[PDB]
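Let me begin by presenting the structure, written as structure tokens, before commenting on it.
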Amino acid sequence: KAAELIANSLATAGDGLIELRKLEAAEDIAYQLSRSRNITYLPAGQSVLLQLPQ
Amino acid sequence: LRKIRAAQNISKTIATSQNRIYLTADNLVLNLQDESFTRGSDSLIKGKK
């Protein structure tokens, strides 16, 4: 029903409607296939307590 | 440039990937034994008056 409904909505919505429906879907697939983010680190950082002479 | 922008995003999304290992630790265990254990003794004939 979903597919047919889309088709009919698309038909009323015209060709422009299908066009970007296609890009939406393509975006989704491409994205799902490739999900990712990345940070690389060199371990560093310290808690420093220093004393000062007077 | 819309094309380039889209290309940037596509390449960026696709490109990223990595994996790393970490090892949090610290070894702190206390084994405490006090008065309890055994040494050894030899054999000697003894006698007290």
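Labels for the structure tokens follow display order: chains A, B, ..., residues from 1 in each chain, ligands from 1.
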*Got a sec to pull out which chain A residues are within 8 Å of chain B, counting only C-alpha atoms, and send them as a ChimeraX atom specification?*
/A:31,34-38
*Excluding same-chain residues fewer than 5 positions from stretch 22-36 of chain B, what lies within 12 Å of it counting only C-alpha atoms, as a list in words?*
residues 41, 42 and 43 of chain A
Could you dump the residues just selected with N, CA, C and O atoms as a PDB file, in the first residue's frame?
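See out_33.pdb below for the written result:
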ATOM      1  N   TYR A  41      43.885  10.136  18.613  1.00  0.00           N
ATOM      2  CA  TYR A  41      44.462  10.936  19.642  1.00  0.00           C
ATOM      3  C   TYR A  41      45.816  10.421  19.973  1.00  0.00           C
ATOM      4  O   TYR A  41      46.132   9.250  19.766  1.00  0.00           O
ATOM      5  N   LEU A  42      46.653  11.328  20.504  1.00  0.00           N
ATOM      6  CA  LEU A  42      47.898  10.954  21.095  1.00  0.00           C
ATOM      7  C   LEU A  42      47.669  11.203  22.546  1.00  0.00           C
ATOM      8  O   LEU A  42      47.226  12.288  22.924  1.00  0.00           O
ATOM      9  N   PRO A  43      47.937  10.245  23.383  1.00  0.00           N
ATOM     10  CA  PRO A  43      47.568  10.435  24.753  1.00  0.00           C
ATOM     11  C   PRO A  43      48.376  11.520  25.375  1.00  0.00           C
ATOM     12  O   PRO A  43      49.600  11.497  25.260  1.00  0.00           O
TER      13      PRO A  43
END
*From a DSSP pass on the backbone, collect the residues of chain B flagged as helix (DSSP H, G or I) and hand them back as a PyMOL selection string.*
chain B and resi 2-15
Write the residues you've just listed into a file as a CSV table (one decimal), in the first residue's frame, and include N, CA and C atoms for each of them.
chain,number,residue,atom,x,y,z
B,2,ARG,N,27.3,23.8,-5.8
B,2,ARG,CA,26.5,22.9,-5.0
B,2,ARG,C,27.0,21.5,-5.2
B,3,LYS,N,27.5,21.2,-6.5
B,3,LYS,CA,28.0,19.9,-6.8
B,3,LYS,C,29.2,19.6,-5.9
B,4,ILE,N,30.1,20.6,-5.8
B,4,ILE,CA,31.3,20.4,-5.0
B,4,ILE,C,31.0,20.2,-3.6
B,5,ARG,N,30.0,20.9,-3.0
B,5,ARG,CA,29.6,20.8,-1.7
B,5,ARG,C,29.1,19.4,-1.4
B,6,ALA,N,28.3,18.9,-2.3
B,6,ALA,CA,27.7,17.6,-2.1
B,6,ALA,C,28.8,16.6,-2.2
B,7,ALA,N,29.8,16.8,-3.1
B,7,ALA,CA,30.9,15.9,-3.2
B,7,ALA,C,31.7,15.9,-1.9
B,8,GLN,N,31.8,17.1,-1.3
B,8,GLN,CA,32.6,17.2,-0.1
B,8,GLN,C,32.0,16.3,0.9
B,9,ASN,N,30.6,16.4,1.1
B,9,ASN,CA,29.9,15.7,2.1
B,9,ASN,C,30.0,14.2,1.8
B,10,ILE,N,29.8,13.8,0.6
B,10,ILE,CA,29.8,12.4,0.3
B,10,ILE,C,31.1,11.9,0.6
B,11,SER,N,32.2,12.5,0.2
B,11,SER,CA,33.5,12.0,0.4
B,11,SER,C,33.8,11.9,1.8
B,12,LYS,N,33.4,12.9,2.6
B,12,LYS,CA,33.6,13.0,4.0
B,12,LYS,C,33.0,11.9,4.7
B,13,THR,N,31.7,11.7,4.4
B,13,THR,CA,30.9,10.7,5.1
B,13,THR,C,31.5,9.3,4.8
B,14,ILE,N,31.8,9.1,3.5
B,14,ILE,CA,32.3,7.8,3.2
B,14,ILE,C,33.7,7.5,3.7
B,15,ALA,N,34.5,8.6,3.7
B,15,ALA,CA,35.9,8.4,4.0
B,15,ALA,C,36.2,7.9,5.4
*Take atom CA of residue A:11 and atom CA of residue A:33 and report the distance between them in Å, one decimal.*
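Taking atom CA of residue A:11 and atom CA of residue A:33, their separation equals 29.2 Å.
Note that atom CA of residue A:3 and atom CA of residue A:18 are 12.3 Å apart.
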